[PDB]
């Protein structure tokens, strides 16, 4: 359990959607991060993959603001402390807003994968995963925005999937966190995008998996990495 408390871009903090504060507030602040109703700090499991919930987490609505990013710039996402138990991949996607991200129909966003990290080492099952890399980085993840994509407004969908329960049908725990970015620079690619509700299926080989046994490979779920 947890969520993104803060985002660092070009030497300032953009405060995240504080799901354990702003839903109790009823005149909460304008932020670059999407609001959610996920006040339990929990997840979208396999029962929700073909529901709107998977796109930017449960009952999610677009952030009011958008952060500019320098060409090939870094986005740093700071999480609440991530439990070692919650072993699994860290995956990042962009979807174009084609306009102000604050007014998009989330059910219409088409995501391309810009980065993925899975099982790093399996010397001691269940092993070292992207999630353990995230813990070792003091619960922060650094995304580099590609220089080769068309500039304009996009949603960054940033996700940990915990696999500690994933042996069981619908046991995997997806923690998607969305923010609004204004990508800048000279790129022109419009990558093939995948609907939120076509990212994952509850029987994917990297979703329905016993991590506690020796693994020879791990298939990072979702569509193919853009480069």
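Positions refer to the first chain, counted from 1.
**Student:** According to the deposited model, is the average Cα temperature factor higher in 191-199 or in 22-30?
**Tutor:** The entry gives the higher C-alpha B-factor average to 22-30.
**Student:** Would you mind ranking residue 106 by its C-alpha B-factor against the rest of the chain and naming the third, lowest, middle or highest?
**Tutor:** Its C-alpha B-factor, which the entry lists for residue 106, ranks in the highest third among residues of this chain.
**Student:** Based on the entry's values, in what third of the chain does the Cα temperature factor of residue 117 lie: lowest, middle or highest?
**Tutor:** Within its chain, residue 117 is a lowest-third residue by C-alpha B-factor, going by the deposited values.
**Student:** Give the position of residue 186 by CA B-factor within its chain, expressed as the lowest, middle or highest third.
**Tutor:** For residue 186, the deposited C-alpha B-factor lands in the lowest third.
**Student:** Using only modelled residues of the chain, where does the Cα B factor of residue 168 rank: lowest third, middle third or highest third?
**Tutor:** Within its chain, residue 168 is a highest-third residue by C-alpha B-factor, going by the deposited values.
**Student:** Would you please rank residue 131 by its C-alpha temperature factor against the other modelled residues of its chain and give the third it falls in: lowest, middle or highest?
**Tutor:** As the PDB entry reports it, the C-alpha B-factor of residue 131 lands in the lowest third of its chain.
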